[PDB]
Amino acid sequence: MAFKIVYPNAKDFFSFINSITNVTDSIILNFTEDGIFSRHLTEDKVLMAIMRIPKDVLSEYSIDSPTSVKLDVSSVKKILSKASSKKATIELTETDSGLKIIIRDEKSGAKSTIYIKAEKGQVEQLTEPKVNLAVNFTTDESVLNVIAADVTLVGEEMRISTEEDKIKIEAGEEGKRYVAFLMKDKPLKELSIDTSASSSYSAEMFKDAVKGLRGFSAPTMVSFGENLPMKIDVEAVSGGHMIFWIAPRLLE
Amino acid sequence: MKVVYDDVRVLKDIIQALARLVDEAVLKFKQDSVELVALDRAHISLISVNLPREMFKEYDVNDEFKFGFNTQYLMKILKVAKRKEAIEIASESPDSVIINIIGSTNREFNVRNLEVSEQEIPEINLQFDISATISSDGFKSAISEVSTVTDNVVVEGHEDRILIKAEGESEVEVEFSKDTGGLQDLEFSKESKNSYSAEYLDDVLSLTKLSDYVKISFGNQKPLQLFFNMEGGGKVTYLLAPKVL
Amino acid sequence: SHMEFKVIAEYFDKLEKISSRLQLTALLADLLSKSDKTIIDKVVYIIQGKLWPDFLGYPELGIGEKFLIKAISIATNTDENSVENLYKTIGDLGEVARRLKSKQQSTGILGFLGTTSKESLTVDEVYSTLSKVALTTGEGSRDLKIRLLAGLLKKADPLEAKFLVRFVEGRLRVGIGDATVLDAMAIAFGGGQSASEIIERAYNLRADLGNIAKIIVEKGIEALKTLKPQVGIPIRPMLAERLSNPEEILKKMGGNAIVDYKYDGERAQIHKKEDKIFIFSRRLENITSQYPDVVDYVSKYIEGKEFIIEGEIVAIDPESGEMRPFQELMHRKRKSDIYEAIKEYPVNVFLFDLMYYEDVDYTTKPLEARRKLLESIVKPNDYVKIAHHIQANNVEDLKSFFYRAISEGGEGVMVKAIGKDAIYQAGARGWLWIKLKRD
Amino acid sequence: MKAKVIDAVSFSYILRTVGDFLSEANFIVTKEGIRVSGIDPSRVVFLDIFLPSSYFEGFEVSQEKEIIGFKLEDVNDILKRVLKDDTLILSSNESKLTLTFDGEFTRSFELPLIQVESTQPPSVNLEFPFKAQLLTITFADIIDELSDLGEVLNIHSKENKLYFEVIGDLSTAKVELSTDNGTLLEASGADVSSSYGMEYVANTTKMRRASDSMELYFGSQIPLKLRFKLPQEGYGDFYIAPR
DNA sequence: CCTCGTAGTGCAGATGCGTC
DNA sequence: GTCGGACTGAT
DNA sequence: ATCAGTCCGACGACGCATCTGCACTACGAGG
Ligand SMILES: *P(=O)(O)OC[C@H]1O[C@@H](n2cnc3c(N)ncnc32)[C@H](O)[C@@H]1O
Ligand SMILES: [Mn+2]
Ligand SMILES: [Mn+2]
Ligand SMILES: [Mn+2]
Ligand SMILES: [Mn+2]
């Protein structure tokens, strides 16, 4: 075989592709002995979109050689927008047509199979920035969206001061200020403080990134450093890893 | 003459299916059943609705009664009741018709009886080749998956599975085979391939949740025809001619 | 009822074949003579291409280009993109749909079960259906309206399915104007040409044409002269001629000339029967909805009984006295949220004439009576400004006025004509008003 | 001044639904009540909003004549971003407005103080020949049930009876409202008539949050009354005038 | 408390009007 | 508006 | 052989109306 993958949760797979499509219109998907790894970055390179799939979620795995299909989310997204039945059976295989997504839902007993045209290509190695981010924590999911929708209406800055291990968010402009606090798990679930620093990140891209945290019912890990790119780690409920890299813009 | 149906929700779908397809129609109240046939000015649709006079709380007819309406207006006020509620309708003069919402603080309404003239449509004696009984709610999945990007639906009557798909930018084939969760009854007859309009199969898909077993009846050299089954042998006969030629 | 749309279609066919206005008018007169009553007003409204003159304030039809393309594709049962491409090729959408009715047709549903009942269409039912289609907004709007429009389009014949497209565009490409129809009616009903002045004045009275036509076809030419200029149906402002500023105005007038100023902005007209405010634009359309606050200055600054005045609409700087561009003012006249920019967009109702006040005919008087009338019925304030009557001596003083205007900006100087026969009529261009412009 | 309202939902709701007739308002901080009495741009419907000294637990009184306005859109949009029944708190700054949410976490906002003042309260003291009481939910349901039919609305009355009737060319709306059926009790008056524009009295239905019940005073050719009672001695009023 | 679903509800995405 | 740009007579 | 008025429709570039689709969303409906 050259294409044999099966994923448990149709909703998790579609949320994955939604998070990826919110950052671009093309798809990069490489599949090898480690499973399926994915990556996509915007031209300005301020956000990062990577889809890592642990090779245990896939019920059936069968490949011939490490390959990558030049897939594009242009029209297929609204076609795939009719996948339901929670963990409905979804699988992908190979055909000379180019791609054939198979989704079967047992809520009413139907079969969704579609056709795409996208040829194969070449694989790229695992590509993740390596850095130490002393401050790290995994929190709830609505908290980040709250931060996005409460900071997007005062400007564009996004500065974090966790001094004395007491998290403070201060952003916006001088007049339309914002004061908020994050103590030890009072709205959070897990917190770890190692250093005191400032962030000064881009908040529009903050909302853009948090747009992709609808559905992943699991406390996602987050870390950052002093003016370093911020890291947000997500563990998919069915399975798959997709993280965030808020690339800063120096001290402008 | 007075009529109250304990439910109003049934009297929302048989108006949404009737709102867009035609501007005005005639409620031919009869001594036996509720005769409501409404052609379309476009002449590319035909929706006929037959309700036995037993859904109401035992309300009897006195004589033929011709209540005109305005579709948009008719559905404008009927959207009031979201809880369990009924509505009382009666009239005396053949000019004024009295419609009165009940349950909550009584709301009565006098509506002018309009006049619309239309010709009688000949009855249907057309045999067909497909006799599927697929999940009624699954048709929602099929249509909202196929005609979301396309502008034309096409059907093939295969040996033991309904082959609805739309080609073009992509071919989206979804099947409801006998095995998994699809058909419950089907007569094959003959192989048939046909296509239908992208909107006239979009309007007729918000009256679903009254029955739960359609019987699509069509074939080659035959226009589309489906009808649900309401309470007491309900008969909502909808028609649709094939596209292109 | 018994009539048909075929005959008017044929006459339209034999309408774009004569470029002589001395010939087409006679054929139009013969057509109107052979036309039938009880539908002639609707026929006329079809001729000018409007279901109803917009002094009634009706919302405009929403059909345009792409909607018509889609409807044509629907009625023809033909590919939408093919018709889009053909329209991109051939400019006339009428020809775009014309070939789509004879070589191939639309099957539909009625006919397969067996029924033979369909005859020629008539102007009465078509007009009624179009009127029903006209506003019919609702919420689930466009699908129903386009369905009915395409159905009626399919309800025709291949030859006649060309004028309808233009009938929806907003113009009739037969080159037959309104004055030509007026003179044709004068020739036909009157028999002599002298029945043209009464038609002219009748048009001067009301902005309508259908009611005037029906009262003409009911009794006759007579019983129209004593019809006073009534509050209600609007009366359009007169026109003028454009030219330079030569040594011509003083000699043409002959004596002391009424030196006025060239103002800017959308004009105004008011029709108040002491109870309600009717405002009509420079064209024949209400602006009360977009101008709620101007219906109030008239009630207090102008004192008397039912009166008719003509004004103008231009913004004023709020910081101090300074004019504002019409382009900036365009944004104000679009929204229902009046109480966010109307108070920040001050507009003065400049008055230059009091047309019809003392409950009887007034427009047949020279240009001193109205000028003196307007100076008295006024309230001292800066919110309303009147004709700044400045009297000069010669061109050098006249050029001084233009220099002052240029220093203060604005359009410039406009001068009217005063004489015994020089009166504010309705129609033509005339020398009554002279507007000056240059580079 | 420091405020802390136990209902961050209902107070935001009432301010938002009153921010559809005004475009600006002022707060007069005093000993026992901070009032909101503004006049509509159309000079059609005047509205006044009063609050007690007990609406908000933990309230602080600083000065007797603190007068603060705002910009309507800023406050409306900011308080559109309120999550649930969180113990919203406020503080008064001499030159700016200070907001600080307090729920599952701690938020805050800041808004400047804009100078504005226009006090023209039209004294009413009118002899309305009617007085009746009904509960908020019924009123909201009946108002919004027939709003989307036009603009004609006539509040005709009878002897100790209050009735809503809406008339259109193609159809009409009659809503019987007797104390027998749904009109509570305390009905008194005589046969009068009046009329009001549909939208003007329709858009003031979103007062179903800080609501206990409501009264109704009206008559003929007399400004209609709409007293929207609020918990603990609160009530906002919507004085509209007949056409 | 845990699932829907459902009519609202706000937000882009179209097309067309009246003014030069 | 708007400027052509065609259409009607005359010395 | 040449002049003075004089009627009559294209010019497209559009700001904003107004519907349409169309993802979310708080609340009701039952286990
Ligand atoms: P354009 O904007 O040039 O003209 C619009 C209308 O304004 C009227 N108008 C301008 N100036 C005057 C004077 N001085 N007197 C009377 N009317 C004036 C024109 O009639 C235009 O219709
Ligand atoms: Mn118009
Ligand atoms: Mn249009
Ligand atoms: Mn002007
Ligand atoms: Mn138009």
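Chains as they are written, first to last, in the entry's author numbering: chain A, 0 to 251; chain C, 1 to 245; chain E, -1 to 437; chain B, 2 to 244.
Note that CB positions come from ideal geometry on N, CA and C, so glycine has one too.
Could you please give me the residues that DSSP links to A:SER67 through a beta bridge?
Mapped onto the first sequence, residue 67 of chain A falls at position 68. For A:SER67, which the question treats as bridged, DSSP gives the partners A:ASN29.
Do we get a CB-CB distance below 8 Å when we pair A:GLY108 with the residues of chain C?
Mapped onto the first sequence, residue 108 of chain A falls at position 109. Taking Cβ atoms only, chain C reaches closer than 8 Å to A:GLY108, which makes this a yes.
Report yes or no: is there a C-beta of chain A within less than 8 Å of the C-beta of C:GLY232?
Counting from 1 along the second sequence, the entry for residue 232 of chain C is found at position 232. C:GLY232 does not count as touching chain A.
Which residues in chain E sit within 7 Å of B:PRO42, going by Cβ to Cβ distance?
Against the fourth sequence, residue 42 of chain B aligns to sequence position 41. Chain-ordered, the chain E residues with CB closer than 7 Å to the CB of B:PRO42 read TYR337.
Have a look at residue 309 of chain C and C:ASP7 and give me their C-alpha separation to the nearest angstrom.
Nothing about residue 309 of chain C can be read from this structure; chain C reaches only from 1 to 245.
Under 8 Å between the Cβ atoms of A:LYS110 and C:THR180?
Working through the first sequence from its first residue, we reach residue 110 of chain A at position 111. Working through the second sequence from its first residue, we reach residue 180 of chain C at position 180. Cβ atoms of A:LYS110 and C:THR180: closer than 8 Å.
Which of the three DSSP states is assigned to E:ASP291 in this structure?
One-based indexing of the third sequence puts residue 291 of chain E at position 293. The answer is coil: DSSP assigns E:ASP291 none of H, G, I, E or B.
Under 7 Å Cβ-Cβ, which residues of chain C neighbour A:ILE26?
Along the first sequence, read from residue 1 onward, the residue named residue 26 of chain A stands at position 27. Going along chain C, no residue has its Cβ under 7 Å from A:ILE26, so there is no contact; the nearest lies around 15 Å.
Find the nearest neighbour of A:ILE16 within the set A:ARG248, A:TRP244, A:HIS240, A:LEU250, judged by alpha-carbon distance.
To locate residue 16 of chain A, count along the first sequence from 1; it is residue 17. Checking every option, the nearest Cα to that of A:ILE16 belongs to A:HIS240.
Have a look at A:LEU250, A:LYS10, A:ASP164 and flag the residue whose alpha-carbon is nearest the alpha-carbon of A:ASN226.
Taking the first residue of the first sequence as position 1, residue 226 of chain A is located at position 227. Checked all of A:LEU250, A:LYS10, A:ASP164; the closest Cα to A:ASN226 is A:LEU250.
With a cut-off of 8 Å, do at least 3 Cβ pairs link the stretch 112 to 130 of chain A to the stretch 172 to 179 of chain A?
no
With burial defined as no fewer than 16 other Cβ atoms inside 10 Å of the residue's Cβ, what is the status of E:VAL345: buried or exposed?
Numbered from 1 along the third sequence, position 347 holds the residue referred to as residue 345 of chain E. E:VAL345 is buried by the Cβ-count criterion.
Looking at C:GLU54 and ligand 2, is the gap between the Cβ and the nearest heavy atom below 7 Å?
In the second sequence, counting from the first residue as 1, residue 54 of chain C sits at position 54. Checking every heavy atom of ligand 2 against the Cβ of C:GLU54, none is found closer than 7 Å.
Across the stretch 54 to 71 of chain E and the stretch 38 to 46 of chain E, are there enough close Cβ pairs to call them in contact, namely three or more that are closer than 8 Å?
no
Go through its chain and collect everything with a Cβ distance to B:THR184's Cβ below 6 Å, but skip five positions before and after it.
For the purposes of this step, residue 184 of chain B is taken as the residue at position 183 of the fourth sequence. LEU135, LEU178, listed in sequence order.
Within 8 Å of any Cβ in chain A, is that where the Cβ of C:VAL149 sits?
Taking the second sequence and counting its residues from 1, one reaches residue 149 of chain C at position 149. Chain A, which has a Cβ nearer than 8 Å to the Cβ of C:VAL149, makes this yes.
Could you compute how far the alpha carbon of E:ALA426 sits from the alpha carbon of E:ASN202?
By one-based count along the third sequence, residue 426 of chain E stands at place 428. By one-based count along the third sequence, residue 202 of chain E stands at place 204. Approximately 11 Å between the Cα atoms of the pair.
Give the secondary structure of A:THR94 by DSSP, where H, G and I count as helix, E and B as strand, and everything else as coil.
Residue numbering aside, residue 94 of chain A sits at position 95 when the first sequence is read from its first letter. Coil at A:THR94, not helix or strand.
Which whole runs of the alpha helix (DSSP H) in the stretch 67 to 109 of chain B are 4 residues long or more, in chain order?
73 to 80
Express the C-alpha separation of A:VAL75 and A:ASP95 in angstroms, rounding to a whole number.
The residue you call residue 95 of chain A lines up with position 96 of the first sequence. The residue you call residue 75 of chain A lines up with position 76 of the first sequence. Answer to the nearest angstrom: the Cα atoms are 18 Å apart.
I'd like to confirm something about B:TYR218: is its beta-carbon nearer than 7 Å to some heavy atom of ligand 4, or not?
For this step, residue 218 of chain B is matched to residue 217 along the fourth sequence. Using a cutoff of 7 Å, the CB of B:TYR218 does not count as near ligand 4, since none of the ligand's heavy atoms is closer than that.
So E:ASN75 contacts chain C; which residues on that side make the cut at Cβ distance below 8 Å?
Start at 1 with the first residue of the third sequence, and residue 75 of chain E comes out as number 77. Result: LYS243, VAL244, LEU245.
Does the beta carbon of C:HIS158 come closer than 8 Å to any beta carbon on chain E?
Translated into the one-based positions of the second sequence, residue 158 of chain C becomes position 158. Output row for C:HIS158: interface = no.
The stretch 230 to 244 of chain B: which residues have C-beta closer than 9 Å to a C-beta of chain A, in chain order?
none
Rounded to a whole number of angstroms, what is the C-alpha to C-alpha distance between E:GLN267 and E:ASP359?
Within the third sequence, residue 267 of chain E is the residue found at index 269, counting from 1. Within the third sequence, residue 359 of chain E is the residue found at index 361, counting from 1. Their backbone Cα atoms lie some 17 Å apart in a straight line.
Would you say B:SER172 reaches chain C, if we count a Cβ-Cβ gap shorter than 8 Å as a contact?
Along the fourth sequence, read from residue 1 onward, the residue named residue 172 of chain B stands at position 171. At least one chain C Cβ lies under 8 Å of B:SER172.
Hey, how far is the Cα of C:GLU159 from the Cα of C:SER117?
Start at 1 with the first residue of the second sequence, and residue 159 of chain C comes out as number 159. Start at 1 with the first residue of the second sequence, and residue 117 of chain C comes out as number 117. Approximately 45 Å between the Cα atoms of the pair.
Given 7 Å as the limit, tell me if E:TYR261 has its C-beta closer than that to any heavy atom belonging to ligand 4.
Position 263 of the third sequence, counted from the first residue, corresponds to residue 261 of chain E. Answer for E:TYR261: yes, Cβ within range of ligand 4.
Just to confirm, are A:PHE180 and A:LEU91 a CB contact at a threshold of 8 Å?
As a position in the first sequence, residue 180 of chain A is number 181, starting the count at 1. As a position in the first sequence, residue 91 of chain A is number 92, starting the count at 1. It is not a contact, given that the beta carbons lie outside the stated cut-off.
For ligand 1, is there any heavy atom lying closer than 7 Å to the beta carbon of E:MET251?
As a position in the third sequence, residue 251 of chain E is number 253, starting the count at 1. The answer is no for E:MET251.
Report the three-state DSSP secondary structure of A:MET204 (helix, strand or coil).
Here residue 204 of chain A refers to the residue found at position 205 when the first sequence is read from its first residue. Residue state, collapsed to three classes: helix.
For E:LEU365 and E:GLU301, what's the separation of their Cα atoms in angstroms?
Counted from its first residue, the third sequence places residue 365 of chain E at position 367. Counted from its first residue, the third sequence places residue 301 of chain E at position 303. Near 21 Å, if we compare the C-alpha coordinates of E:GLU301 and E:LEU365.
In the stretch 57 to 78 of chain B, which residues sit with their C-beta less than 9 Å from some C-beta in chain A, listed in chain order?
Of all residues in the stretch 57 to 78 of chain B, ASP75, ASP78 have a Cβ within less than 9 Å of some Cβ in chain A.
E:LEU108 versus chain C: which residues are under 8 Å apart at the beta carbon?
In the third sequence, residue 108 of chain E corresponds to position 110, counting from 1. Simply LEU39, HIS43, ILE121.
So, is the C-beta of B:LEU178 closer than 8 Å to a C-beta in chain C?
As a working mapping, residue 178 of chain B is identified with position 177 in the fourth sequence. Judged by the 8 Å Cβ criterion, B:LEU178 is in contact with chain C.
Taking only runs of the alpha helix (DSSP H) that begin and end inside the stretch 15 to 102 of chain C, which ones reach a length of at least 4 residues, in chain order?
71 to 78
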